[PDB]
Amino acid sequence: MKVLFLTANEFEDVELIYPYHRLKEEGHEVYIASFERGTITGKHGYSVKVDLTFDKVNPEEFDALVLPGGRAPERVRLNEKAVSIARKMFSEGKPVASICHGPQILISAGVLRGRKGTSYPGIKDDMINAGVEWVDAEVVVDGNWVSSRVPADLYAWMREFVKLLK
């Protein structure tokens, strides 16, 4: 499986780095997409290499999608190409993992009405207004959509996501 990550500067560091390594453990290939090639830096100063730009992503080449949190999703969700990648992959039923502010990208994609999941609690009202049945749980599994709230939830978030890719 080829797993795509849509992120940008000010990503929540462990929310990117944890699934990156957890999915590599399984033998999956992992790719970081952002605005430009080079590096991006997390809220806490970890730097990661960008593999490809949003413009170069062909969603048909990727099997699954991860949406880390932090302040990066509010930047990503204004990029039509990044939102279109998330819209396509999610609506096609490919596995999509989101955490914390990550699902702001899915809100903007317009794909969450009637879906069941969670997010950082600070944006619960925005998830509800997008039509989500919002649950206060460490992980929620709604078909292809695996969602979690905060870094304390990482263990449960990927415990469930790895099952979808098997």
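For every residue, the number given is its place in the sequence shown, counted from 1.
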- Query: Do the CA atoms of 122-130 or those of 31-39 have the higher mean B-factor in the entry?
  - Reply: 31-39
- Could you check which stretch, 98-106 or 57-65, carries the larger mean CA temperature factor in the entry? 57-65
- Query: Is the Cα B-factor recorded for residue 19 in the lowest, middle or highest third of its chain?
  - Reply: lowest
- Message: Splitting the chain's C-alpha B-factors into thirds, which one does residue 4 fall into?
- Response: lowest
